[PDB]
């Protein structure tokens, strides 16, 4: 018995990450084994760590946490440095509009766990961690139980299936800080401290948990490892376009008829996501904007871009928040400002002060109480959150809002007039 979870709609054209998680329920180990679960692990333990790294490299799998760093190269970087090494699954998923990782956690834990074990073995880590946000309590208990199940079927513990490889997966809980999704702050939290990002360099692959080589990979990244081993890198790359191959999860919300998670190839266009898959818009209103989480803002001019990692592609995490023609852009921007205000950890002064002032001033604008100086101030702080910032939050806390200013001037101008 687990806490109540809303039944998010899930749909797939590729039937990989959502083969089971398209069904809104906990798939336990037996049902997992039935479809050939844990056989990729078995195959992996009969391979060298170097070869697994090679396959993940050649698959062109890239991180799904937002920074988009090649996974195999990441792993290769860590194994250049003496052990012991640690593997961390990043399940903090707290950016507005993003709910894709949780459906893997809640419906198909063993897809995740199988990935962690292969990955850990690939980098020689005997200690792995899932860091899951505190507001995902059902995910927490589902993971713990699925870990117990894996242990009893002999997939975890010492000398896993006679291989000589030992592994324990510990499940840690967050407690309300979006910044703890930043990998260095994640590691700080795991070491029992506040979620304060560390200055880079050094980089975790060199110096992370207890100063030791540490690979942090997103849940959805890890969800792909089973498949790369199972089908081989060459069959894997045949999925979608040669350039950006592989399955990808798109959490679609806002003013669409069918909000939910969609598993699609990355040659899909943003327009297709909205109109082909998510049923179009509510009331068939015209799309005004798409928020790529709390990162970017695309106009209705920019729908025909691919959902990939090309220069001109959507990028980000595939998070699609749809706003239609009656949605007030300033109102929406304020909500973004508020998020950043609540999530700056405050160690960098321009970020600390910017996030605060951007929200406070924008709220005055919104309420029609801004002075002429408040307006110029707002403009100014929005351009000056980033300086001296030691992590990406401060780099992007102004980004989306700046884009709305540049793409919807007429609607802002009305607030100024």
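Numbering follows the first chain given and starts at 1.
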Problem - Of 216-224 and 304-312, the stretch whose C-alpha atoms average the higher B-factor in the entry - result: 304-312
Completion exercise
Higher avg CA temperature factor (314-322 vs 274-282, as deposited) belongs to 274-282
Handout entry: Which of 349, 358, 373, 384 ranks first by CA B-factor in the deposited coordinates
Key = 373
Exercise for the section: Choose from 341, 235, 188, 127 the residue with the greatest Cα B-factor as stated in the PDB record. Expected result: 235
Handout entry: Ranked against its chain, the third holding the CA B-factor of residue 247
Key = middle
Fill in the blank from the handout: Among the modelled residues of its chain, the C-alpha B-factor of residue 77 falls in the third labelled highest
Exercise for the section: Among all modelled residues of this chain, ranked by Cα B factor, put residue 329 in the bottom, middle or top third, i.e. lowest, middle or highest. Expected result: highest
Practice task
Within this chain's modelled residues, let me know which third the CA B factor of residue 239 belongs to: lowest, middle or highest.
Solution key: highest
Exercise for the section: Divide the modelled residues of the chain into thirds by Cα B-factor and specify which third, lowest, middle or highest, holds residue 256. Expected result: middle
